[PDB]
């Protein structure tokens, strides 16, 4: 299992110790407060009122937590995943990333605290 923080201003994302293998069942819980610029802060589901101006993940709001598994495209995590199985042929290290527009991470602030574990299967 892995526990750590994902900084909102980390454009490259946070590589975890979790390697997702075919058949794996995982659970993720994410908490905390972060911003993509404004003085306010939002939770792991991001800002439901903000337009998508070229986010790294178009299936989650700006300011949401998302992930990549190996060289997959971005996958929404939001508040977390409960006993979740990845799509076919998706495998590899899990990287957690704050959802923002590439090149605009410099003014981000805060972080999410995240736990990831493999479930019995």
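Take the two forms, find the largest set of C-alpha atoms that superpose within 1.5 Å, and that set is the rigid core. Positions refer to the first chain, counted from 1.
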**Asked** Taking RMS over all structures and residues, which stretch has CA atoms farther from the shown form in 9 other deposited structures of this protein, 87-95 or 58-66, after a rigid core fit?
**Response** 87-95
**Item:** Of 82-90 and 34-42, the stretch whose C-alpha atoms average the higher B-factor in the entry
**Value:** 82-90
**Asked** Based on the entry's values, in what third of the chain does the Cα temperature factor of residue 20 lie: lowest, middle or highest?
**Response** highest
**Message:** For the chain shown, is the CA B-factor of residue 74 in the lowest, middle or highest third of its modelled residues?
**Reply:** lowest
**Fill in**
Among the modelled residues of its chain, the C-alpha B-factor of residue 58 falls in the third labelled highest
**Message:** Could you place residue 107 in the lowest, middle or highest third of its chain by Cα temperature factor, using the values in the record?
**Reply:** middle
**Complete:** residue 8: CA B-factor among chain residues, third -> middle
